[PDB]
Amino acid sequence: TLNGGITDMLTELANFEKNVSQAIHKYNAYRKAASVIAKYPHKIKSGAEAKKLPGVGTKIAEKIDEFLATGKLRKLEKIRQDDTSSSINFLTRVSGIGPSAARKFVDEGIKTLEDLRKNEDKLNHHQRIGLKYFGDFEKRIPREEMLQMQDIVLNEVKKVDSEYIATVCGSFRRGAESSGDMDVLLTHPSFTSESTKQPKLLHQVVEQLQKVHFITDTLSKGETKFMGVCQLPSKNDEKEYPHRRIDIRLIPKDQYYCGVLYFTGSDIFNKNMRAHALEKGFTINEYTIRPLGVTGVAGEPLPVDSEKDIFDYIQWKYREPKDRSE
DNA sequence: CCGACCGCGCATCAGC
DNA sequence: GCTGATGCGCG
DNA sequence: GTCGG
Ligand SMILES: [Ca+2]
Ligand SMILES: [Mg+2]
Ligand SMILES: [Mg+2]
Ligand SMILES: [Mg+2]
């Protein structure tokens with residue numbers, strides 16, 4: 001947190017551009033600058049110093065000078081004062097409400113938690129669950145609780161079929177002491193890039209977890225991706241644990257390494273890595289890495305036997321998960 | 001300058 | 001019903 | 001908003 005004041009300001013700018021301006025490229029610009037600054041091992045003394053980092057340009061450097069000088073940013077002070085902007089920023093904190101819906105609700109005079117509660121009829125299923133657990137979803141998950149959650153998911157999955165393999169990814173795999181949610185990567189030998197030998201592979205796991213009352217709500221669900229809600233069991237006489245977000249992704253077994261690279265993140269790391277891939281003449285998704293032809297069209301999937309193979313193709317030294325928290 | 005900025009699953013809607 | 005676009009979300 | 005060519 002050497003430069004926490006600066007990274008916080010940039011993150012707030014990023015969110016404004018995403019949520020209010022709907023300017024996704026500016027959102028990404030601010031996030032990139034925040035990330036490069038967060039990893040910079042010196043306390044920043046000037047905008048000039050910051051501008052030497054990639055992703056920090058003239059405008060952000062000027063903002064950093066203002067912030068260092070006064071401890072604030074006039075641009076943000078004004079944004080905080082603005083009713084429409086503040087309302088839109090708030091509503092987007094509900095899962096399922098993005099920039100477009102938030103502005104639509106604000107138009108219709110729905111702009112507070114109270115307003116949402118009285119207008120449940122205007123929400124879709126995802127938004128209604130997001131509102132229901134608004135408080136809980138803002139809380140972080142102590143790694144101690146992530147470990148208990150891991151034990152439950154891994155054991156319940158084993159009970160369904162011993163051939164499943166469940167891997168907890170995201171911030172947890174990066175070694176974080178707390179996580180925003182739980183991300184589970186699932187494989188089964190019956191599901192590969194070549195064939196699907198059993199139907200309902202994801203379904204059966206989701207069903208078992210609902211049966212033991214671990215999964216409590218569903219935000220969205222398909223053949224390969226589940227997004228929903230879960231909760232640890234609590235003991236006699238004790239307060240219940242908060243409800244938590246859970247994501248489950250079923251990946252073809254022979255594409256596990258690309259899948260775990262993707263699902264481990266961070267999100268900014270993934271964007272950085274994929275961009276570099278392109279520069280090197282490859283394209284990366286959660287399934288494969290493929291060479292780009294002279295025309296720029298993706299060729300056939302390259303052989304991958306480890307996460308490190310992917311790094312090797314794009315000529316990056318291997319980075320352990322704990323070093324991917326960008 | 002300026003285009004180029006990752007990549008994709010699921011839900012919802014418009015148009016047919 | 002299907003296809004395509006869009007919104008939202010995952011990392 | 002940034003920056004590579
Ligand atoms: Ca996230
Ligand atoms: Mg996560
Ligand atoms: Mg996340
Ligand atoms: Mg997640």
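A, B, ... follow the sequence lines: proteins, then strands. Residue 1 opens every chain. What's counted below: heavy atoms across the whole structure, side chains too, no hydrogens, waters or symmetry copies.
- Contact annotation: side chain of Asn270(A) to base of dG11(C), donor-acceptor pair present below 3.5 Å.
- Salt-bridge formation is detected for the pair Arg244(A)/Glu145(A): a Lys NZ or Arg NE/NH1/NH2 atom is positioned less than 4.0 Å from an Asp or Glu carboxylate oxygen.
- The pair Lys72(A)-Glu77(A) does not meet the salt-bridge criterion, since no charged nitrogen lies less than 4.0 angstrom from a carboxylate oxygen.
- Residue contacts shown for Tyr27(A) are absent, as no nucleic acid heavy atom lies under 4.0 Å away.
- Checking the phosphate oxygens (OP1, OP2) of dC8(B), a side-chain nitrogen or oxygen of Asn285(A) falls inside 4.0 Å.
- Taking atom CG of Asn124(A) as the reference point, atom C1' of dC10(B) lies 12 Å away to the nearest angstrom.
- Between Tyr133(A) and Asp217(A), the side chains place a donor N or O and an acceptor N or O closer than 3.5 Å (distance only, hydrogens not considered).
- Annotation: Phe263(A) is not in aromatic contact with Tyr256(A) [ring centroid separation under 6.0 Å not met].
- A heavy atom closer than 4.0 Å to some atom of DNA chain C occurs in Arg245(A), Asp247(A), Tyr262(A), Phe263(A), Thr264(A), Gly265(A), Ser266(A), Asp267(A), these being the qualifying members of residues 243-268 of chain A.
- Ring centroids of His25(A) and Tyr27(A) are separated by 6.0 Å or more, keeping the two rings apart.
- The separation between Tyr287(A) atom OH and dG11(C) atom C1' is 13 Å, rounded to whole Å.
- Rounding to whole angstrom units, CD1 of residue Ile24(A) and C1' of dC10(C) are separated by 13 Å.
- The phosphate of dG9(C) (OP1 or OP2) has no side-chain N or O of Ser220(A) nearer than 4.0 angstrom.
- In terms of phosphate contacts, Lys59(A) brings a side-chain nitrogen or oxygen within less than 4.0 Å of OP1 or OP2 of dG1(D).
- Taking the ring centre of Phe226(A) as origin, the terminal cationic atom of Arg249(A) falls outside the region bounded by 6.0 Å and 45° from the ring axis.
- Residue contacts for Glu286(A): at a heavy-atom cut-off of 4.0 Å it reaches the sugar-phosphate backbone alone, with no base atom in range.
- Here the side chain of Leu278(A) is nearest to one of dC8(C), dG11(C), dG7(B), namely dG7(B).
- Atom P of nucleotide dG9(C) and atom CZ of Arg93(A) are separated by 13 Å, given to the nearest angstrom.
- If you take NZ of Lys104(A) and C1' of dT6(C), they are 15 Å apart, rounded to a whole angstrom.
- Access of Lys26(A) to the base pairs occurs via the major groove: a side-chain heavy atom lies under 5.0 Å from a major-groove atom, while no minor-groove atom is that close.
- In terms of phosphate contacts, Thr224(A) brings a side-chain nitrogen or oxygen within less than 4.0 Å of OP1 or OP2 of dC10(B).
- Checked for salt-bridge contact, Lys122(A) and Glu108(A) miss the test: no charged N lies under 4.0 Å from a carboxylate O.
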